[PDB]
Amino acid sequence: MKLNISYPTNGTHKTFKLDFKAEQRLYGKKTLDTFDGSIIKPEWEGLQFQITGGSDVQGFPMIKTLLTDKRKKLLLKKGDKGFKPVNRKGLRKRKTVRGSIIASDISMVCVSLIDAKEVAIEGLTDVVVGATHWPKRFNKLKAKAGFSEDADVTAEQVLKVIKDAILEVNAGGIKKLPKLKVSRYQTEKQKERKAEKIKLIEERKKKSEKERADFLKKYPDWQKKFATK
Amino acid sequence: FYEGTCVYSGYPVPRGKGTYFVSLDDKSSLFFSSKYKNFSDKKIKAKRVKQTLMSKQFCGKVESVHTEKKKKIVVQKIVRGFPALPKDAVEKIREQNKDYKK
RNA sequence: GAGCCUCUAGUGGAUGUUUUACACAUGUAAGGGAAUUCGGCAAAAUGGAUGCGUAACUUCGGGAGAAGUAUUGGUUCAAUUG
RNA sequence: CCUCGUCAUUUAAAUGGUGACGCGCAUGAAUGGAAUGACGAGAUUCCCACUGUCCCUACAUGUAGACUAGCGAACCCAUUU
RNA sequence: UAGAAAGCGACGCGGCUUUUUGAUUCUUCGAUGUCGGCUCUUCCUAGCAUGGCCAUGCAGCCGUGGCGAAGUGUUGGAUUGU
RNA sequence: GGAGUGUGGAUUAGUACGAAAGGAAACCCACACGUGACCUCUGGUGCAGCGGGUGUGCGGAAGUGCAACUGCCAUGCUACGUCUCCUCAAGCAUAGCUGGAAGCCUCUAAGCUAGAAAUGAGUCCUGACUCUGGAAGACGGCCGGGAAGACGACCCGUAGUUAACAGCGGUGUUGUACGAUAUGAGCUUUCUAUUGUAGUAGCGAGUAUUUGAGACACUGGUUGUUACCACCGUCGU
RNA sequence: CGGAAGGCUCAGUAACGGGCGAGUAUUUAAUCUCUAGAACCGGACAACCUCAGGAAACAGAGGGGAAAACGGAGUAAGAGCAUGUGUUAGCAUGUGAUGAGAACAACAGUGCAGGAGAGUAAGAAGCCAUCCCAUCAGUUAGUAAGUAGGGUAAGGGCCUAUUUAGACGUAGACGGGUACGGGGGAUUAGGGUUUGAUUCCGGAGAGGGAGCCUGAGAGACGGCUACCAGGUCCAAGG
């Protein structure tokens, strides 16, 4: 049996083999259970872990809401874990899955360490990493731009963030400089187009409203002439 | 060591006692004793047999999975943790921004 | 004026001991279902009322309750014998 | 009689049952002959249901029986077994 | 297949057994309950299986003829009183 | 007196042997029939114990008789359950060794070796006549029990972890007591004060709470209370 | 945005299967004409990054991040009901469930929200014509009708409750056997007799039966789900 450990403060991962006695002490648990590291290893006292998921040795996934030690077949839609539909909308299919309760069937258990405390777990504690992408949306970007509850042109914040990258990362360089872009804030091309729609409605009104009066000048007896079919 | 959990009663079964009954539907099922197997055959609903663990859970006399209403532990706000920007500098920028905003 | 239970009126003694085996009157039984025996002998199974549905043959009267199937307690209502 | 007659059907297996056949030891017409219905505590074969009849027996109840108080015989008998 | 005699053995001749049916009338007619089955025990050997051996027309497999041996086994059914 | 008997699978092996086709030979493991015991498990049985309904009795409810029906089930008993079953010695038939008669030969005339599910012993059941020991008292009845039992007999106890009743712990069987209270498909509109207001209800199967409740047993655990120290006979010094 | 068309066949069906008229009691993405739009906020899913399962087919944890994708806020709009007034749109008044929305590029354009009328396609309807056996004469009880309600995009026994007994038959009902139906083909002086799987139109099916999600539109099978009859691969678990 493998054990796969994630440390979400650091963004780091490690896999280990268990021994028999360690394994046998996990039996009976389920996803979203917790335990103390001392039950897996000597030391590791007070490290609290939470169980995330895993896999049958046949390869079927453990599902978070099927509380049994057995395999079932379920009918699954899009948005259900264990199924990945592609080429037709409204497709639903029947697949084998395993319940959440841990036993000798399982090949791998996934686990999250909540807090490393004073301990020095190799690989988990020795590295710190960030994200992969950058906040495109304006208000998400602003919070990261350190500001809150004040008004700027986007250019200001793009300048701040770029300069800080040049300074803090490279101390000067053309490296970094990912292609920062901003959504949900009005640029000048939008100011013009958003003015134009106001021009349209104002004329369409007057033109429509004119013809009504122009008609009534000529046809006082509109209704009595028209209605006699 | 246990043999398993009885299907009808809900009772855990000691090693070396009880029996499995296998139906033509292809299912295998474990019973504590002849008493509860017979009650199944005669279509007595388990929730009405008041000494069963099943009945006691259903009535709410015994705490069970349905009572739990569990929810994910809520955390707090952090000093804006964002790529590159060191945690400590945001602790400073946020303050400086708050000043300027006033 | 069946069987079962009660009112009026009438009724009873070879003593003590928890008492093996084999008997005589009776109950119940896993899985199998006449393999038992000259032979289903003995036992089990079916059973009242209401409705649906009923074959060959026949002296046309019958066969016929043919066979085969379903319903049935307590309570509170409508409707008046359905 | 020969005889458990031959052929078909019923069974895993038929000295049985039913259907055919007929030189019938020794069938046969009010010494009454032949084909049916309704009705037999009449004789015979098979099927469904049902079961301690059986495989293969086990446990339990009442009444007798064993032991004890009161009462108290008979069949049979050359007898040394 | 050669060849009396592995296995057979015509035509004749000598024995044993009482499990078949006869033959005879010794015992019982002032009474010895008569066929078959069910149940249960013991004995015999003229040996069907199981153990040890000898011959072979015994390559092996399967057999066939003989010797000492009676410890343990030899069933469930259909028709029929058998 | 007597007891274990047989079948199959795997391996040797597609081997020896045969032109080919075919085709053998210990040890180990599974089973059946027979024998002797045993209840931990699983079936069966329901005498003690807990529940349910039908007809009719004790004015209602509660507790219950009679006719009998029905669900579960301690201890016990049982098989459809579980455990059980080989080793020596002398030697049959036979095949051999040495060896004369009979200078050669020869299993036999003396002598020796290998030898059967058969025979005789041991392990297994019954237990004749015996043998070793203690002590001036011993033993039987009467009283109370069972692991034993037709009656005798056997195993035991009598001022004590003795018996019986209660607490308080422990281990089971049944299935949620009586009485209150709340609800209930529906059906109904009664009373007091007094002129007009206020007061103001009945009848009902069942279901939920109090309540894994109440009932019943056993305890070689522990506390309290109560009862029991006799008597008669026989043989001996 | 398309995969609901086209292609293949004639099993089933004596019938909305076929010919002629009519346009409703109905729904319709695209397309046309007229008209026509001031709106804020939030998370995820897939790919990406780090581990990493399974014989394969196929999947896991953890962390970022978009939309003209998605969910909420306000706001226009707004079903039904009731009364006036104009059949009947429309308008007035009262009451209101519900409740949104796309821009982008300049090679000089392409899109997307609402209405009203067209256009295309279905659903349901009117009339008339349709094979053999009487050795098949009675058939039917949602059957025939009425009142009221549910259901549907919509009329209707389509379905259900209480009332009325109807409906169809020798001018052949009901049962059984058989059949894709026309435009047309072969023979023919005339009157006829025979055939139509088969270029066009319409219907039904995808081994046999039955259920279904998505969508403007399928009871779809080069979509899904279960049984029955058959198969294929395995490391025996799928």
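Definitions and cut-offs
Residues numbered from 1 in each chain as written, not as in the entry; some residues may be left out. Chains lettered and ligands numbered in written order. Part of a larger assembly, values for the part shown. Heavy atoms only, no water. UniProt positions renumbered as here; feature names shortened; annotations may be inferred. Helix = DSSP H or I, 4+ residues; strand = E, 2+ residues; numbered from the N terminus. Rg over C-alpha atoms; globule rule 2.2 N^0.38 Å. Buried < 20%, exposed > 50% of the residue type's maximum accessible area, 1.4 Å probe, protein only. Contact = heavy atoms within 4.5 Å. Areas by Shrake-Rupley, 256 points an atom, 1.4 Å probe, with all protein chains shown as cover. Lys, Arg positive; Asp, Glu negative; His and termini not counted. Charge placed at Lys NZ, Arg CZ, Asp CG, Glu CD. Near = heavy atom within 4 Å. Polar contact = N/O pair within 3.5 Å; in protein donor to acceptor, adjacent residues only side chain to side chain. Buried area = accessible area lost by both parts, 1.4 Å probe. Salt bridge = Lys/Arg side-chain N within 4 Å of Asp/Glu carboxyl O. Nonpolar A, V, L, I, M, F, W, Y, C, P; charged D, E, K, R; others polar. Pairing = 2+ DSSP bridges. Axes fitted to C-alpha atoms, helices over the stretch in contact; angles between N-to-C directions. Patch = residues over 30% accessible without salt bridge, like charges linked within 9 Å, V, L, I, M, F, W, Y side chains within 5 Å. Core = buried A, V, L, I, M, F, W, Y, C linked by side-chain atoms within 4.5 Å.

- Method of determination for the deposited model, per the PDB record: cryo-EM, at 14.3 Å resolution.

- This entry's official PDB title is "Spraguea lophii ribosome dimer".
- Under the Sequence similarities (unreviewed entry) heading, UniProt states for chain B: "Belongs to the eukaryotic ribosomal protein eL24 family."

- As annotated in the PDB entry, chain A carries the name 40S ribosomal protein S6 and comes from Spraguea lophii 42_110.

### With respect to the overall build of chain B
Then comes step 1: Scanning chain B for helices and strands turns up three helices and four strands.
Then comes step 2: The C-alpha radius of gyration computed for chain B amounts to 28 Å, which surpasses the reference 13 Å derived for 102 residues by more than 25%, pointing to a less compact arrangement than a globule.
Then comes step 3: Over its C-alpha atoms, taken along the principal directions, chain B stretches across nearly 80 × 30 × 30 Å.
Then comes step 4: The proportion of buried residues among the 102 residues of chain B is 21%.
Then comes step 5: A sequence separation of at least 24 residues applies to 28% of the contacts in chain B between residues at least 6 apart.
Then comes step 6: When the accessible surface of chain B is totalled, it reaches about 8,800 Å², and 55% of it is carbon and sulfur.
Then comes step 7: One way to put it: in chain B the 25 positive side-chain charges average out to a point 9 Å from where the 10 negative ones average out.

### Some remarks on the protein's contact with RNA strand G
All names here are of chain A.
Then comes step 1: Looking at RNA strand G, there are 46 residues lining it, with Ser55, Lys89, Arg92, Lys95 and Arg137 nearest.
Then comes step 2: Backbone atoms, meaning sugar plus phosphate, form 70% of the atoms of RNA strand G positioned within 4 Å of the protein.
Then comes step 3: Here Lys95 contributes a side-chain N or O atom positioned 2.4 Å from a sugar or linking oxygen of RNA strand G.
Then comes step 4: Contact between RNA strand G and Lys140: a phosphate oxygen at 3.0 Å from a side-chain N or O atom of the residue.
Then comes step 5: Put simply, the parts of the chain that give the surface near RNA strand G at least two residues each are β1 (2-7), β2 (12-17), β4 (48-56), β6 (93-98), β7 (106-113) and α4 (188-218).

### What to know about the UniProt feature "domain: Large ribosomal subunit protein eL24-related N-terminal" (unreviewed entry) in chain B
Then comes step 1: Under the UniProt annotation, "domain: Large ribosomal subunit protein eL24-related N-terminal" (unreviewed entry) lies at residues 5-64 of chain B.
Then comes step 2: A helix fraction of 25% and a strand fraction of 20% characterise residues 5-64 of chain B, whose end C-alpha atoms lie 15 Å from each other.

### A short note on the interface of chain B and chain A
Size of an interface: often given as the accessible area lost when the parts come together.
Then comes step 1: Each side of the interface is counted separately: chain B has 10 residues, and chain A has 12 residues.
Then comes step 2: Together, the buried faces of chain B and chain A total about 1,100 Å²; carbon and sulfur atoms form 65% of this surface.
Then comes step 3: On the chain B side of the interface with chain A, the three residues burying the most area are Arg80(B), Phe82(B) and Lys101(B), jointly 47% of the side's total.
Then comes step 4: Between chain B and chain A we count zero salt bridges in total.
Then comes step 5: Remark: the boundary between chain B and chain A carries three residue pairs in polar contact.
Then comes step 6: Here the side of chain B that touches chain A is built from residues that sort into six nonpolar, one polar and three charged.

### Describing the sheet that holds strand β3 (residues 34-36) of chain A
Pairing between the strands of a sheet is mediated by backbone hydrogen bonds and can be parallel or antiparallel.
All names here are of chain A.
Then comes step 1: In spatial order, the strands read β2-β1-β7-β4-β3; together these five strands make up an open sheet with mixed pairing. Across the chains shown, the open sheet's two edge strands, defined by having one partner strand only, are β2 and β3. The mean angle between the axes of side-by-side strands here comes to 30°, regardless of whether they run parallel or antiparallel.
Then comes step 2: Here β1 pairs with β7 via five bridges, running parallel. Considered in β7, the bridge of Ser6 is made with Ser112.

### Some details on the side chain of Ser55(A)
Then comes step 1: Within the fold, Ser55(A) resides in strand β4.
Then comes step 2: Setting aside residues no more than four positions away along its own chain, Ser55(A) makes contact with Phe60(A), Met62(A), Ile106(A), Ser107(A) and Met108(A).

### Details of a positive patch on the surface
Then comes step 1: Together, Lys179(A), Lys181(A), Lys189(A), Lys191(A), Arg193(A), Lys194(A) and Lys197(A) give the surface a local cluster of positive charge.
Then comes step 2: Position of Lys189(A) among the secondary structure elements: in helix α4.

### Some details on the pattern of salt bridges
Residue and element names in this part refer to chain A.
Then comes step 1: Following the criterion strictly, the structure yields six salt bridges over all chains and no others.
Then comes step 2: For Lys70, the salt bridge goes to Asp69, with nearest N and O atoms at 2.8 Å.
Then comes step 3: Across the pair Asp105 and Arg98 runs a salt bridge, and its minimum N-O distance is 2.8 Å.
Then comes step 4: Accessibility expressed as a relative area gives 0% for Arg98, which makes it buried.

### Here we look at the nonpolar core
Then comes step 1: Membership of the largest hydrophobic core comes to 21 residues, with the highest contact counts inside it found for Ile5(A), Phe35(A), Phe49(A), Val111(A) and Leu113(A).
Then comes step 2: The greatest single-element share of this core, amounting to four residues, is contributed by β7(A).
Then comes step 3: Counting residues in each nonpolar core, the second largest holds eight residues, with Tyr8(B), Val13(B), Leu30(B) and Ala46(B) among its members.

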